[PDB]
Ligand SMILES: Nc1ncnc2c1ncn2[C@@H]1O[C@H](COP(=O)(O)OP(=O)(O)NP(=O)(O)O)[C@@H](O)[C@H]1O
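Consider the single chain below, provided in structure tokens and representing the form deposited without this ligand.
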């Protein structure tokens, strides 16, 4: 019902009970306070309009799926689509003040994997990890998401630019389902929308840019979640098996605040690049049909000789971060 917050949690690992069980960093700040995990979402007059971009350092996102400060973004992926590596890139190459990771229903190997990654991260001293392994009860798994969101909220009221990560909404939805089964004007199932409406940018405080991951089958929860959130990023298993990392299918992904966080020339270049991707796909299905010969259609040859530079722009090593100017420069070179 109440949990620890404060800068003293930076570099620490928190279990569903609110206590620190491990540390991936040490900080000279020992600020420890207590706040309720079940806080009311902000009033409509207390929120601000999403107008600033949340740069991620990832080219395809910053160029075609530009996130906003205070946005709630869905990350839809399958078994091996590089979702964990995508989250690692989001933490590593973005510019948030504080990161709060929430592993819901994960396995011990995955928790220790995230800890081992944070122990060698550059954002190491600015992260708080709240985990709940698959051993904990459903109540503990939901309380883990509530705890992470509460910590992120405290850091927001202090004016910090916070990035919250929830992995995943699927396993959290299962735990919430079991709790609802434990009960049979207040419904346990309502804890999912109320949880999703807590991030955002406050007029009197900082912001919480949230990334909720949703697992896909090799789903009604996924569709309603995509209806609640401010946009989604689709990680295609097809692209992942072709060697495309990040396996982001930008033609099946959207940011609902895109036109509000980028200017006009960015909009034009992004539209041109999306049309180029569409034409590239049409040429791909034409080639698969075996009806493409070099020399006949000059348009198909122009689009054909563009596949290399486009695929080169979409791909990005997980160790490299690109500034906004570099991203717009590269995408500008790609659509010539």
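Residue numbers count along the first chain shown, from 1.
The same protein also exists as the form deposited with this ligand bound; that form is not shown, yet it is the one meant from here on.
- The closest heavy atom approach of residue 110 to this ligand in the deposited complex falls within 4.5 Å.
- None of the heavy atoms of residue 322 is located within 4.5 Å of this ligand in the deposited complex.
- Remark: residue 200 does not count among the residues lining this ligand in the deposited complex, judged by a heavy atom distance of 4.5 Å or less.
- Heavy atoms of residue 83 reach within 4.5 Å of this ligand in the deposited complex, making it an interface residue.
- Interface residue among 258, 136, 117, 245 relative to this ligand in the deposited complex, by the heavy atom within 4.5 Å criterion: 245.
- This chain lacks the partner; the member of 204, 228, 79, 181 within 4.5 angstroms of this ligand in the deposited complex by a non-hydrogen atom is 79.
- Heavy atoms within 4.5 Å of this ligand in the deposited complex are found in exactly one of 144 to 152, 83 to 91, 248 to 256, 126 to 134, that being 83 to 91.
- Taking a 4.5 Å heavy atom cutoff to this ligand in the deposited complex, the contacting residues in 303 to 336 are 316, 317, 318.
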